[PDB]
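Residue strings, one per chain:
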Amino acid sequence: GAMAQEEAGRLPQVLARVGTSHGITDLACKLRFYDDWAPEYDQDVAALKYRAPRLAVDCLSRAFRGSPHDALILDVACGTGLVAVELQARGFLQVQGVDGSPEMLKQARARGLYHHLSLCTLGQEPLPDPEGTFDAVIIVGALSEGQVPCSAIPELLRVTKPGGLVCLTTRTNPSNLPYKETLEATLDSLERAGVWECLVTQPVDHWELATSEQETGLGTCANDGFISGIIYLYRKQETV
């Protein structure tokens, strides 16, 4: 029925009438028509919006002064083989990753863009990649979603060679405005410590004032974007 109307929910039941709710309306049935020419990539709009993938590699290479030919990049299990393809384009010939779907893995493998791919689920076990192995790594989101555990992230940067570039994105809990500082503060210490420095930061449209976010209220089904939806680049071993 109606999602908006449904609240707590009611479980009424009376012996007298068998029908749970009145309204047989079985005399006639209304007919509905829908478009059969629906586009193939319009099945999922959200998937189309990168909000990091394409933006990352352009900027990463932009802030990458090293040799992307002899550099190694690490991509997740998101079928991100395309990014690996672009990576090669942007000079990033060597890209390694790990997939968790035989179907998706085969796709990326068959791509021939990844130097090596393996079956893993971030958090299951420590990363199979040695330290200082990959010059750079690119993985957006999934860090807090449940794909790549925050514990594993350092294993990604750790395995990343000095001067390398790591571009990660994650939910920044839009619910707590002030909380974001806690996240951003952690990065700042890491930069100050010399472990890594910012190389770029895909400007997010979530930066808009989230304290009020006054609107007409026509719908706003999706979150305004108090803090979530952030993809920012970084370089291994740097002070800020």
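Residues numbered from 1 in each chain as written, not as in the entry; some residues may be left out. Heavy atoms only, no water.

The protein appears in the PDB entry as Methyltransferase-like 27 from Mus musculus.

## Quick word on the pattern of salt bridges
Evaluation of the coordinates by the stated rule reveals 5 salt bridges. A salt bridge links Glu155 to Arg158; the nearest nitrogen and oxygen atoms lie 3.2 Å apart. Here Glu155 pairs with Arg158, and both are found in helix α5 (residues 153–159), just 3 residues apart, close to one helical turn. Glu155 gets classed as buried once you look at its relative accessible area, which sits at 16%. A salt bridge links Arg235 to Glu238, with the nearest nitrogen and oxygen atoms 2.9 Å apart. For the pair shown, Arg235 and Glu238 are each scored as buried. (Salt bridge = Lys/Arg side-chain N within 4 Å of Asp/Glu carboxyl O. Helix = DSSP H or I, 4+ residues; strand = E, 2+ residues; numbered from the N terminus. Buried < 20%, exposed > 50% of the residue type's maximum accessible area, 1.4 Å probe, protein only.)

## Quick look at the pairing of strand β1 (residues 72–75)
Residues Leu72 and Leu74 of β1 are buried on one face, and the alternating residues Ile73 and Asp75, pointing to the opposite face, are buried as well. In this sheet, strand β2 (residues 94–99) lies alongside β1 in parallel orientation, the contact comprising 4 bridges. By the bridge assignment for β2, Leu72 is matched with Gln94. Tracing the backbone out of β1, into helix α3 (residues 81–89) and back to the parallel element β2 gives a crossover that is right-handed. Pairing of β1 with strand β4 (residues 134–140) involves 3 bridges; the strand directions are parallel. Residue pairing in the sheet places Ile73 in a bridge with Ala136 of β4. (Pairing = 2+ DSSP bridges. Right-handed = clockwise from strand over helix to strand, strands pointing away.)

## Points about the packing of aromatic side chains
In total, this model carries 3 aromatic pairs according to the counting rule given. When the ring of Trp196 is compared with that of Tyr234, the centres are 3.2 Å apart and the planes differ by 10°; the resulting orientation is stacked. In this pair, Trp196 sits in strand β6 (residues 196–197) while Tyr234 sits in the loop between β8 (230–232) and β9 (235–236), placing the two residues 38 residues apart along the sequence. For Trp196, a relative accessible area of 4% gives the class buried. A relative accessible area of 4% places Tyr234 in the buried class. (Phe/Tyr/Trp six-rings, centres within 6.5 Å; stacked < 30°, edge-to-face > 60°.)

## Some details on the side chain of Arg235
For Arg235, the position within the fold is in strand β9. A polar contact of 2.6 Å, which involves the side chain of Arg235, links it to the backbone oxygen of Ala63. Filtering out sequence-adjacent residues up to four positions away, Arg235 remains in contact with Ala63, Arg65, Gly163, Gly164, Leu165, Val195, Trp196, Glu197 and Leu199. (Polar contact = N/O pair within 3.5 Å; in protein donor to acceptor, adjacent residues only side chain to side chain. Contact = heavy atoms within 4.5 Å.)

## Observations concerning a negative patch on the surface
Residues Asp205, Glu208, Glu215 and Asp224 make up a contiguous surface patch of negative charge. Tracing the sequence through the fold places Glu215 in the loop between β7 (201–202) and β8. With relative accessibility at 51%, the residue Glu215 sits in the exposed group. (Patch = residues over 30% accessible without salt bridge, like charges linked within 9 Å, V, L, I, M, F, W, Y side chains within 5 Å. Areas by Shrake-Rupley, 256 points an atom, 1.4 Å probe, with all protein chains shown as cover. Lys, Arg positive; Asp, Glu negative; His and termini not counted. Charge placed at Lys NZ, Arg CZ, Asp CG, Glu CD.)

## Structural notes on the side chain of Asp129
Within the secondary structure, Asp129 sits in the loop between β3 (114–119) and β4. For the buried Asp129, which has no salt bridge, the nearest side chain bearing the opposite charge is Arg158, at an N-O separation of 8.8 Å. Dropping the residues within four chain positions of it, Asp129 is found in contact with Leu74, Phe134, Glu155 and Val159.

## Quick look at helix α2 (residues 53–62)
Since the α-helix packs 3.6 residues into each turn, any two residues three or four apart lie on the same face. Those residues of α2 lying buried are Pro53, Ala56, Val57, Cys59, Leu60 and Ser61. Packed against the buried residues of α2 are α3, β4, β5 (160–170), β7 and β8.

## Section: unusual backbone geometry
The backbone of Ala142 sits at a positive phi, close to 75°, despite the residue not being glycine. With respect to the helices and strands, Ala142 occurs in the loop between β4 and α5. Here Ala142 falls in the buried class, since its relative accessible area comes to 10%. For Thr220, which is not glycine, the phi torsion reads 50° and is therefore positive. Counting through the fold element by element, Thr220 comes out in the loop between β7 and β8. Its relative accessible area of 41% is what places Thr220 among the partly exposed residues.

## Observations concerning the pairing of β5
For β5, the buried fraction is high: 8 of the 11 residues fall into the buried class. Summarising the sheet, β5 and β8 pair through 3 bridges and their orientation is antiparallel. Note on β8: the bridge partner recorded for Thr169 is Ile231.

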